[PDB]
Each structure stands twice: as C-alpha cells, then as structure tokens.
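All remarks here apply to the structure that follows.
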Amino acid sequence: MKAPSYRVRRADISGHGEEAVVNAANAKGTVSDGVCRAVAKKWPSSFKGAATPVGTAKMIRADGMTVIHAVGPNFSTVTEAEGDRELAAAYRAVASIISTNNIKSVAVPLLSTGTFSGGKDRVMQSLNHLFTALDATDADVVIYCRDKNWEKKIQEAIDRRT
Ligand SMILES: *[C@@H](O)[C@H](O)[C@H](O)[C@H](O)COP(=O)(O)OP(=O)(O)OC[C@H]1O[C@@H](n2cnc3c(N)ncnc32)[C@H](O)[C@@H]1O
C-alpha cells in the first residue's frame with residue numbers, strides 16, 4: 001500500500017500538475033478575494049452548486065479538473081477551540097473525498113491562513129491539521145503558497161516528518 005507524500009510549491013495553485021485541487025472556499029460558494037479567484041478563473045464552471053457548510057468539503061468535476069471546495073473556519077467568527085475543531089474537520093472532509101474517489105494526487109492551499117485567519121499567523125496550525133487528515137490517504141499532496149517565509153516553514157515541517 002502506498003504512503004502519502006508531501007511537497008510544497010511557491011506558485012499559483014491554478015498551474016498545479018495534480019489530479020485534483022482544493023479551493024479554500026467560503027460556505028456560500030462565492031468567488032471573492034482569495035484562492036478561489038485563481039480557481040474560478042482557471043475552471044470557471046467549477047463553482048456551480050459549490051455552497052457547503054463550514055468544516056465540510058464538496059467536490060465537482062468541471063472544465064477537465066476535480067475541484068474540492070473545502071470551507072475552513074473564519075477565526076474572526078469562532079472561538080480558537082471551535083475554529084481548531086472546524087479546521088481539522090474541513091481537512092478530514094478533504095481526505096474522505098480523496099480516498100473515496102481514488103484521487104492519486106492533490107494540490108492543497110492552507111485553509112484559514114488568509115481571509116479567514118483573523119489576522120493571525122496560522123500556517124503551522126493549518127499545516128499540522130492537513131498532515132493529520134491527509135495521512136489517512138495514499139495521495140501525493142502538493143501544498144501551494146505565495147510567501148517565501150511560509151514556503152521555508154512548510155518545507156522544514158515536511159522534512160521533520162522524515
Ligand atoms: C473564495 O472561495 C475565497 O478563497 C474564500 O472566501 C477565502 O479567501 C478563504 O479564506 P482562507 O483563509 O481559507 O484562504 P485564502 O485566504 O483564500 O488562501 C489560503 C492561503 O493560500 C494563499 N494563496 C492565495 N491564493 C493563492 C494561489 N492562487 N496560489 C497559491 N496560494 C495562494 C494565501 O496566501 C493564503 O494564505
């Protein structure tokens with residue numbers, strides 16, 4: 001049985017070479033400022049019926065891509081403990097979609113680290129919940145980010161796991 005693998009890329013997630021992509025979504029399924037701007041531009045039909053509650057994920061095949069809309073919590077709107085539970089739940093929802101649909105690779109941004117961060121640095125919080133959830137899969141996971149300081153912190157965390 002294959003073990004999951006983790007890499008990090010500092011690049012626009014819309015250019016990924018994986019079988020599926022995770023959109024860091026909002027619950028209403030709206031295309032707004034965030035990862036979803038790039039996902040909507042690349043796969044413009046992938047948002048139809050995408051609305052899904054916080055802490056859940058919803059998949060669509062559209063425009064030749066598998067898009068997984070995962071709704072992390074907005075840390076401005078929940079307590080820290082409640083958001084930590086919901087963030088873990090959103091990544092377990094992604095992992096369940098990966099395993100049940102036999103998806104072999106996935107491009108993933110860090111949920112709740114931008115628009116939904118409550119103005120805090122949540123890179124390691126979000127990454128550690130990504131590892132816990134995606135460890136239940138056999139997928140090749142590629143984490144996407146824009147920030148050089150994030151890219152280093154993510155690679156360091158991946159390296160430790162070895
Ligand atoms: C629309 O669905 C929109 O994405 C949502 O309403 C929110 O923006 C989601 O908020 P969240 O905090 O979960 O994530 P977001 O700020 O969108 O992005 C997470 C993380 O990813 C980096 N980022 C943003 N855009 C990209 C692209 N195109 N490629 C790689 N990485 C990207 C941000 O820096 C952010 O930290």
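For the single chain, residues carry numbers from 1 onward in sequence order.
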Enter the distance from [X]:[atom1] to [Y]:[atom2] here, rounded to the nearest 0.5 Å.
X: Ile13; Y: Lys42; atom1: CD1; atom2: NZ; answer: 12.5 Å
X: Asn26; Y: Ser32; atom1: CG; atom2: OG; answer: 4.5 Å
X: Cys36; Y: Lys41; atom1: SG; atom2: NZ; answer: 13.5 Å
X: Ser45; Y: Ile60; atom1: OG; atom2: CD1; answer: 6.0 Å
X: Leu110; Y: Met124; atom1: CG; atom2: CE; answer: 9.0 Å
X: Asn74; Y: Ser117; atom1: CG; atom2: OG; answer: 8.5 Å

- Message: List the residues meeting ring-ring contact (aromatic ring centres under 6.0 Å, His included) with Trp43, not counting sequence neighbours, and say none if there are none.
- Response: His16
- Message: Could you walk me through whether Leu130 and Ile143 satisfy the side-chain contact (heavy atoms from CB on, under 4.5 Å) test, starting with their C-alpha distance in whole Å, then the side-chain angles of each, then the deciding distance to 0.1 Å, before giving a yes or no?
- Response: CA-CA 9 Å; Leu130 185 166; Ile143 300 157; 4.0 Å; yes
Which residue pairs pass the salt bridge (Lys or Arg N to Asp or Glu O under 4.0 Å) test when at least one of the two sits in [range], sequence neighbours left out?
range: residues 118-133; answer: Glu80-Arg122, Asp121-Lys153
range: residues 85-105; answer: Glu82-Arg85
range: residues 47-63; answer: none

- How about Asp159: does its CG atom have over 12 heavy atoms from other parts shown lying under 6.0 Å from it?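 Atom CG in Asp159 is packed in, count exceeds 12.
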- Item | Flag if over 12 foreign heavy atoms under 6.0 Å of NZ, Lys2 | yes
- Task: Take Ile98 and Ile68 through the side-chain contact (heavy atoms from CB on, under 4.5 Å) test and state the conclusion after the steps.
- Result: CA-CA 9 Å; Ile98 290 298; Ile68 300 165; 3.8 Å; yes
- Query: Looking at residues at least two apart in the chain, or sitting in another chain, which of them share a side chain to side chain contact (heavy atoms under 4.5 Å, CB included) with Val31?
  - Reply: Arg37, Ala40, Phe47
- Taking only residues two or more places apart in sequence, or in another chain, which ones meet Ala93 in a side chain to side chain contact (heavy atoms under 4.5 Å, CB included)?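 If we apply the side chain to side chain contact (heavy atoms under 4.5 Å, CB included) test to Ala93, skipping adjacent residues, the hits are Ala57.
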- Query: Are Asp140 and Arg7 close enough, and set up right, to give a salt bridge (charged side-chain N to carboxylate O under 4.0 Å, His left out), and what steps lead you there?
  - Reply: CA-CA 8 Å; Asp140 295 324; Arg7 309 205 307 289; 5.8 Å; no
Would you say [X] and [Y] are hydrophobically clustered, going by side-chain heavy atoms of ILVMFWY under 4.5 Å?
X: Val67; Y: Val106; value: no
X: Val39; Y: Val71; value: no
X: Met65; Y: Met59; value: no
X: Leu127; Y: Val108; value: yes

- Message: Pair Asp12, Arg146 - check side-chain contact (heavy atoms from CB on, under 4.5 Å), show working.
- Response: CA-CA 7 Å; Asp12 191 339; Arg146 283 211 176 287; 3.5 Å; yes
When you check the side-chain N and O atoms of [X] and [Y], is any donor under 3.5 Å from an acceptor?
X: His129; Y: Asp84; result: yes
X: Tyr91; Y: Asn128; result: no
X: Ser96; Y: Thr100; result: no

Which heavy atom in [X] sits nearest to a heavy atom in [Y], and how many Å separate them?
X: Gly83; Y: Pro73; answer: O-CG, 3.3 Å
X: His69; Y: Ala25; answer: CB-CB, 3.9 Å
X: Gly34; Y: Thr115; answer: CA-OG1, 4.4 Å
X: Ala95; Y: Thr137; answer: O-CG2, 3.6 Å
X: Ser46; Y: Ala62; answer: CA-CB, 3.7 Å
X: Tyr6; Y: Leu134; answer: OH-C, 3.2 Å

When you measure from the side chain of [X] to the backbone of [Y], do you find a donor-acceptor pair of N or O atoms at a distance under 3.5 Å?
X: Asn101; Y: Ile103; answer: no
X: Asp147; Y: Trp150; answer: yes
X: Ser126; Y: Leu111; answer: yes

- Apply side-chain contact (heavy atoms from CB on, under 4.5 Å) to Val8 and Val142, showing your working. CA-CA 5 Å; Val8 58; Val142 185; over 6 Å; no
- Task: Output, in order, the C-alpha distance, side-chain angles, deciding distance and verdict of side chain to side chain donor-acceptor pair (under 3.5 Å) for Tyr144 and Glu18.
- Result: CA-CA 11 Å; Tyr144 285 77; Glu18 287 63 70; 2.7 Å; yes
- Message: Does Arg161 qualify as a cation-pi partner of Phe131, given the criterion of NZ or CZ under 6.0 Å from the six-membered ring centre and within 45 degrees of its axis?
- Response: yes
